[PDB]
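In the block that follows, a single chain appears as structure tokens, in the form deposited in one PDB entry.
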């Protein structure tokens, strides 16, 4: 499996506004093939970015979502971001261990 973390830069005080924008976004990705879940992660220490952590069965499944549904899920919204920059961090899951 793969992990794609989008590391997003957020201005001082904009955390609440950013999280509200994610709060009702589940529908946009929940039913994608090969999608294994995602978390919005609020930084607390050691990092200043929000980490949007997504898990996929394969890189192909991620690309498919990113190129179609993801762009479609923008239809009603403004494209005016609170985020000041972004970096996609991409990994291969080498070991996965549960509780």
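Numbering follows the first chain given and starts at 1. What we label the rigid core is the largest C-alpha set whose atoms superpose within 1.5 Å from one form to the other.
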Determine, for stretches 12-20 and 72-80, which one has the higher mean CA B-factor as deposited. 72-80
Averaging the C-alpha temperature factors as deposited, the higher value of 29-37 versus 49-57 falls on 29-37
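Another form exists, deposited in another entry; not displayed. Remarks below refer to it.
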Verify the C-alpha shift of residue 12 between the shown form and the other one: is it 2 Å or more after superposing the core? no
Taking the rigid core as reference, does residue 42 move its C-alpha 2 Å or further between the shown form and the other one? no
With the core lined up, does the C-alpha of residue 73 move 2 Å or more between the shown form and the other one? yes
Check residue 78 against residue 48 at the C-alpha atoms and report closer or farther in the other form, compared with the shown form; the change is 3 Å or more. closer
Cα-Cα shift for residue 27 and residue 19, closer or farther in the other form, minimum 3 Å: closer
